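Protein chains in written order, with the deposited numbering: chain B, 208 to 696; chain A, 209 to 344, 349 to 724, 748 to 783; chain C, 280 to 418; chain F, 558 to 696; chain G, 1 to 22. All remarks here apply to the structure that follows.
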Amino acid sequence: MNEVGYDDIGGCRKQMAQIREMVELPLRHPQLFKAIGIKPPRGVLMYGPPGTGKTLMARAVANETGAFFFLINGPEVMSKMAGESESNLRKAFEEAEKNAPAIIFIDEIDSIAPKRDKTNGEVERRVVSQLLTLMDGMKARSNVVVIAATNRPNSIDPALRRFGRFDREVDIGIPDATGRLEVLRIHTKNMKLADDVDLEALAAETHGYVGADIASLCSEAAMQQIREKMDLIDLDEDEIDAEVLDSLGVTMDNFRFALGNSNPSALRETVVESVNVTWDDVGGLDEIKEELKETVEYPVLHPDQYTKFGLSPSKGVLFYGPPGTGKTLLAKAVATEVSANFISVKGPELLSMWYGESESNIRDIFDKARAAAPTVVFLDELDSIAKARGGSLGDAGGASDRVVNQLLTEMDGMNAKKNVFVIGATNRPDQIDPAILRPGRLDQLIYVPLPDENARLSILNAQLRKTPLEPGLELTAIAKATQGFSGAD
Amino acid sequence: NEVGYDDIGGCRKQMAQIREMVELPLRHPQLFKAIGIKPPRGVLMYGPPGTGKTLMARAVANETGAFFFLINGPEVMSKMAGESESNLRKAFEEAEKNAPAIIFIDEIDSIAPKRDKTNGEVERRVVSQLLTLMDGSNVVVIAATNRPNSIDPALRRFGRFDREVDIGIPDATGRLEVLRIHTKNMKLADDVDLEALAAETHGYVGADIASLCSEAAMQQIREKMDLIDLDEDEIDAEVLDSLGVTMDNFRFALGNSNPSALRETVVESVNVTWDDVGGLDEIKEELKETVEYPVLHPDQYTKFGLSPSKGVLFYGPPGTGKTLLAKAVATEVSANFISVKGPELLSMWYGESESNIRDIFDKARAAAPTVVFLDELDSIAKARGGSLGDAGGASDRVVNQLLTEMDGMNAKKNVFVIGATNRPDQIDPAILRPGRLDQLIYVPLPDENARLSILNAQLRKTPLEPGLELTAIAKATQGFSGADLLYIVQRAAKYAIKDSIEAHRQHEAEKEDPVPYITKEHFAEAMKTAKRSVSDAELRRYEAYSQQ
Amino acid sequence: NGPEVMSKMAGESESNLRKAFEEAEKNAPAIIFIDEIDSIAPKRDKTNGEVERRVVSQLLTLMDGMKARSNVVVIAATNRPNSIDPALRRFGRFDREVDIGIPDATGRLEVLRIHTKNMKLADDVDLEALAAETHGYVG
Amino acid sequence: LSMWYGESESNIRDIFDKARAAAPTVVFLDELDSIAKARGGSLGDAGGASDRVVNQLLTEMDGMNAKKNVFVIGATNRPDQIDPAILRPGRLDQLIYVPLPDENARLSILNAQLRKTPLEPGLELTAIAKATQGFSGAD
Amino acid sequence: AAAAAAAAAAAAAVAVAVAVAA
Ligand SMILES: [Mg+2]
Ligand SMILES: [Mg+2]
Ligand SMILES: [Mg+2]
Ligand SMILES: [Mg+2]
């Protein structure tokens, strides 16, 4: 029962049907495939993000199907002696073919199958050619199908990506909200839950989580529940009372705690240090707060309405004004309050000494942003990397120009553009390139003016929210006396 | 049954040459001696993967009753010291001693690399061993490598592997022949025109046709899995005989599949139509006419005796539809498409960039016809002299690589390069000359009719209040761009959604489709915060560039 | 240890790792501590040699694959975590990243008490002032 | 040009050896503004790789005696970026300047380009030539 | 018996510098 079945994987149904077709239908109703002359595909390539569930699919196929199953780990085949690696591959294929109609699975094929043109070690190219011949050639394959798993399919020799060797490429990609709901229901089917738990809200609030991330979430929730009752009974190694062993009940509060700690594994490297700030910390500027919250919260909370009209949302904003008006404070508030992921980026952080690594860095950050969408990308001091394309003849070979071009193509180009919200903050809006301020890149140009009397009063009240004060103190005088002041002063 | 010679298609001259080389000097040795010649020692076969090499080898093995001896390249090695050379020697000895046999060496590049620039020692030994033995009758060897330039040039010489045969990608007639070959043992029902399917299938080579067929068949099999509620307990009887692949199956498979060569550069499908690109009517018409003629009826050009231009450059202010036109071309042109972003290819290492440029242009030429869209050329093809900064000379080197792979383009393979930049001042004057990007299309700011068409094209799929006069929005709007109109419609949509959410919350509060369409008041309120995207100085600069 | 596994011979680093994990699993519920993992787990895309790519792939397969593990725990230590293969920084392989950072004043006092338990001090020495005046000391 | 170390000069070396073998030959170097780049333009470089290529070319072009009678054809669009060391007479002496065609030259070019063109009999290109004055051959 | 040894030494990279024009 513990063995994973097809019912133990969710979030990807189309790919599941495709793999079930290829593995079962030629081995359950062969006459149907004998009717039309054409033979079925006999090679499939699974590719996708790291923790998406590829190996889980391989394990499910191995457990469910009654056919023979042979396993090949990637580097496992190679050996020290000169003519043993190819001998190992030949022996493996012979064992698979001779015994029965079977499924071979090659885990992490990217290690076995380099580009065969950029590689330089001879043994690698002979193992690749041996694989090419064994998988396809004279007396190609009788009744043996080959499954491969990889995380970077572009690092494979093109000869493997041709019909007859790897016919169809299935993409095990990031789930959707319904997918995350299904995964949550799968992983919480045996654990002990309290009645208050509501999985729907958890699936809605988890954004960009893929596969194993959900498992981590549930595990952490369980760990918190265990750390809620271990304080009650401890170091009783011989036995634990049945009153605490039973009636554990991981509460919904435990799930909230575990969700607050964790973040999408894709964004593990680019996590921002938690700087807690609330909406009550931002005094004044109520209308800008409303516009921002509406522009961020509507596409992520009301997708049905946008589809009903069939018009895409606006996905840009640029703050500009004198220093200290509250731009970075607004960004911090968005980072702490809004449910969507946050990518905090400094102005000149992305530049690098080498040739082309700046734009490579930009592509990687936007790749992470598009992976764990819906996401918010904050470009602090946008005037640092996005300057007017004056040529930069007296510069580092116009590296700034290429950076600006990379940004231009990344914010609007041949991309799906699902949900990426770019927030800009510059105190010199004249130096920004005119080709970024047009709609479709940064749609809303919001001016953050100098505070008025009631805004200075609101700011003063906001900044004293955690301080003991004199009962008779009237801040109205301080507001009345500061005319041109800003929040920082 | 075994693959007979009829099973191959799309290669007439090459197959006839192989037959002449392999059959006559083996079926009639006496006549060759009478004429006074001798058979060649070996024959090389090369070409892109999945073209028919291994097919040819098995067909030659079947047609001629001569003894056969297969030695796959990487199967000659051994762990024992020097037993690989002995194995190869015994292979040739058995092939000669048994009969006037025929030997086929598959993937020779695995055991025949350039002897120089190597590190091992057994590889050199086996290369020399095969070199001397096959350098020393009535037997011929066939080599079949997917990459021909990774061969020891000592083998590419008279007396040893002297006859090459370029097994290339098929043409339309050859591809139709392959389609007929594969579709022979299949139920095609009664409604199918393989001629159209081959005229529309552009870059596929050999096996890809088989993939197409298999996918179409699979779609048909999917249609009858549940629509009949097929019993998984045991096979149904009458439904099996009622299987016939329709045209929609083949069209569905064609819309999914892509050529194996372009498999790496597959671009995610982004839906655009030619009615979606409001305005710019003459530009779309001219682009369609210029791109469709070389592929639909080149005979007119051959009669004219002049080759068509294969380049075009869009330039104009930002937010006008350059990328939109390129995307629409990618969707509805009936040709391959390779999208590249400006600084996509550049790399820190020395030379790798130009390696990427050559690889992409090779892929473009291979899957001919193709349309490579180079967006934001101000990154890879900026002013050579203008780039005073010496980043190690990489920028000049990439520009020169692009020129050599763009100017060294023959009439064949019909590769069309589309450039699109918002700054026409930055492009090198060498590029903007006939032969590379002769035609220069300018996308101006929309006019009143163009603006109305753009608006109607943007909110076409949006329910709106019937008594709405888009002409009003167009009027009193002079310096706007398509992006600004998109911003206006998005603002109207946001106001409508806000009203919807408020009304729904109020309805739920009372309980415990208020707005089926956008009201005129939403549009009135959206226009309070609408501003021109481009200033007047940019227009001055573009007008100056046009007049120059 | 980190670079203890690398060998000049081709296809031997993975043999060493396989032997290590097999020994760890064959005996008992074990713990595997891999010190300085940054030297045998790079990004797999910035590297160019094949042996590092292959050893990383072997490690990834070992830590999470068919027949994954059975009551064995892997511990790792690193001075810079951002230079590690993302495929290793996920649940199942490295479930949680513990941040052992600079101690605060109380931590510094604790360390001082720990390190001065075997010395013969004078009666005039107090440690609270010492723990106060030391600010950026990493322990 | 190639990424690895040493291989680059070896490629220029074998091509010129092949040129020497099949004498007489005509080695056409198109776009010398990539090979003959201004010697040591700035300190910032890849790694003197352009300089090594130029030195390989200089040592391999100065060893051209009367025998083997080879002839190197250069062709550049921008003559300003050609190294003076290689344009020196006695190494590479002849400098032909190909100007834009004149009206008669333009008419000749047009007649040579319309040789295989079934033009209408009642058509003459002299008008186009007389009108098109600053039009280059590509135009 | 013989044996095959693997070796990967190094490559060549390109840097980018900034200049100042008087
Ligand atoms: Mg896995
Ligand atoms: Mg700030
Ligand atoms: Mg083959
Ligand atoms: Mg565009």
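Here a beta-carbon is modelled for each residue, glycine too, at the ideal position from N, C-alpha and C.
(1) Could you check where the alpha helix (DSSP H) with G:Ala-15 kicks off and where it finishes?
(2) The beta strand (DSSP E) spanning A:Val-484 covers which residue range?
(3) Which parts of the stretch 619–685 of chain B are runs of the beta strand (DSSP E), unbroken and 3 residues or longer, counting only runs that do not cross its ends?
(4) Can you name the start and end residues of the alpha helix (DSSP H) that A:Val-503 belongs to?
(5) So, are the CB atoms of A:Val-524 and A:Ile-569 less than 8 Å apart?
(6) Rounded to a whole number of angstroms, what is the C-alpha to C-alpha distance between A:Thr-683 and B:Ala-540?
(7) Just verifying my parser: in three-state terms, what is the DSSP assignment at B:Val-524?
(8) Going straight from the alpha carbon of B:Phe-526 to that of B:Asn-634, what length do you get?
(9) Please name the residue or residues paired with B:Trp-561 in a DSSP beta bridge.
(10) Do you know how far the Cα of A:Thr-543 is from the Cα of A:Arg-703?
(11) Look at A:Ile-310 and A:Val-230 and say whether their C-beta atoms are less than 8 Å apart.
(12) Under 7 Å from any heavy atom of ligand 2, does the C-beta of B:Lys-539 make it?
(13) Contact defined as beta carbons within less than 8 Å: I believe C:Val-334 pairs with C:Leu-296. What is the distance between those atoms, to the nearest angstrom?
(14) Tell me which residues pass a beta-carbon proximity test against ligand 1: closer than 7 Å to any heavy atom, given in chain order.
(15) Hey, would you say the C-beta of A:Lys-496 is under 7 Å away from at least one heavy atom of ligand 5?
(16) Within 8 Å (strictly less), CB to CB, does G:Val-20 reach chain F?
(17) Would you call the stretch 553–565 of chain A and the stretch 590–599 of chain A touching, i.e. three or more CB-CB distances under 8 Å?
(18) For A:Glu-446 and A:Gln-431, I'd like the C-alpha separation in whole angstroms.
(19) For A:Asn-548, which beta-bridge partners are listed by DSSP?
(20) Please report the straight-line C-alpha distance between B:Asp-608 and A:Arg-663, rounded to a whole angstrom.
(21) Between the C-alpha atoms of B:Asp-403 and B:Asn-461, what's the straight-line distance to the nearest angstrom?
(22) For A:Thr-689, which residues does DSSP report across the bridge?
(23) May I ask which residues mark the beginning and end of the beta strand (DSSP E) holding A:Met-253?
(24) Alpha carbon to alpha carbon, what distance is there between B:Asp-574 and B:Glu-389?
(25) Just curious, the beta strand (DSSP E) that B:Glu-376 is in, first and last residue?
(26) Looking at A:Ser-426: is its Cβ nearer than 8 Å to the Cβ of B:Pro-282?
(27) So is F:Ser-599 in contact with chain G if we call contact Cβ pairs under 8 Å?
(28) What does DSSP give as the partner residues of C:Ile-310 in its beta bridges?
(29) Between which residues of its own chain and B:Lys-261 is the CB-CB distance below 7 Å, once the five residues before and five after are set aside?
(30) Given that G:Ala-2 touches chain B, what residues does it touch there, using C-beta distances under 8 Å?
(31) Mind checking the stretch 621–653 of chain A against chain F and listing, in chain order, the residues whose C-beta falls within less than 7 Å of any C-beta there?
(32) Can you tell me whether DSSP reads B:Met-345 as helix, strand or coil?
(33) Just the C-alpha distance for A:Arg-645 and F:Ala-695, rounded to the nearest angstrom, thanks.
(34) Along the alpha helix (DSSP H) that carries A:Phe-240, what are the first and last residues, could you check?
(35) Taking CB distances under 8 Å as the criterion, tell me whether G:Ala-13 reaches chain C.
(36) Can you pull the chain B residues whose beta carbon is under 8 Å from the beta carbon of G:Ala-6, in chain order?
Taking the structure as given:
(1) Counted as a single uninterrupted DSSP element, the stretch harbouring G:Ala-15 is not any alpha helix (DSSP H), since DSSP gives it neither H nor E.
(2) For A:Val-484, no beta strand (DSSP E) run applies, since DSSP gives it neither H nor E.
(3) As far as the stretch 619–685 of chain B is concerned, its whole beta strand (DSSP E) runs of at least 3 residues are 627–633 and 651–654.
(4) From DSSP, the alpha helix (DSSP H) with A:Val-503 extends over 493–508.
(5) Going by C-beta atoms, A:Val-524 is not nearer than 8 Å to A:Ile-569.
(6) Rounded to whole angstroms, A:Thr-683 to B:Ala-540 spans 42 Å at the Cα level.
(7) Here B:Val-524 carries a strand assignment [DSSP, helix/strand/coil].
(8) Taking the straight line from one Cα to the other gives about 8 Å.
(9) DSSP output for B:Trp-561 lists G:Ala-15 as bridge partner(s).
(10) Going from the Cα of A:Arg-703 to the Cα of A:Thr-543 covers about 28 Å.
(11) Cβ atoms of A:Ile-310 and A:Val-230: closer than 8 Å.
(12) No, since every heavy atom of ligand 2 falls outside the 7 Å radius drawn around the Cβ of B:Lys-539.
(13) Contact holds; Cβ gap of about 7 Å.
(14) Here the residues come out as B:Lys-261, B:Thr-262, B:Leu-263, B:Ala-356, C:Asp-343 and C:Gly-344.
(15) Absent from the structure shown: ligand 5. Ligands present: ligand 1, ligand 2, ligand 3 and ligand 4.
(16) Not closer than 8 Å to any Cβ of chain F, the Cβ of G:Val-20 fails to qualify, so no.
(17) Here the stretch 553–565 of chain A lies against the stretch 590–599 of chain A, with 3 or more beta-carbon pairs under 8 Å apart.
(18) If you draw a straight line from the Cα of A:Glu-446 to the Cα of A:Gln-431, it comes to about 22 Å.
(19) Under the DSSP definition of a beta bridge, A:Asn-548 partners with A:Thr-582.
(20) When the Cα atoms are used, B:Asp-608 and A:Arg-663 turn out to be separated by approximately 32 Å.
(21) Each residue's alpha carbon lies about 11 Å from the other.
(22) Assignment of beta-bridge partners to A:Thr-689 by DSSP yields no partner.
(23) Where A:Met-253 is concerned, the enclosing beta strand (DSSP E) starts and stops at 250–254.
(24) In a straight line, the C-alpha of B:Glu-389 is about 26 Å away from that of B:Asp-574.
(25) Segment 375–378, the beta strand (DSSP E) holding B:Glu-376.
(26) For the pair A:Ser-426 and B:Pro-282, the CB atoms are not nearer than the 8 Å cut-off.
(27) By this cut-off, F:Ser-599 is an interface position.
(28) Assignment of beta-bridge partners to C:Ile-310 by DSSP yields C:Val-352.
(29) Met-253, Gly-255, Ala-356 and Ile-379.
(30) Under the 8 Å cutoff, chain B gives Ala-289.
(31) Hits within the stretch, in order: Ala-642, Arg-645, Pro-646 and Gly-647.
(32) Three-state result, B:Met-345: coil.
(33) A:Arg-645 and F:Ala-695: Cα-Cα distance of roughly 7 Å.
(34) Residues 237–243.
(35) For G:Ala-13, the answer is no, since every Cβ of chain C falls outside 8 Å of its Cβ.
(36) Neighbours of G:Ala-6 on chain B, chain order: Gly-328 and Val-330.
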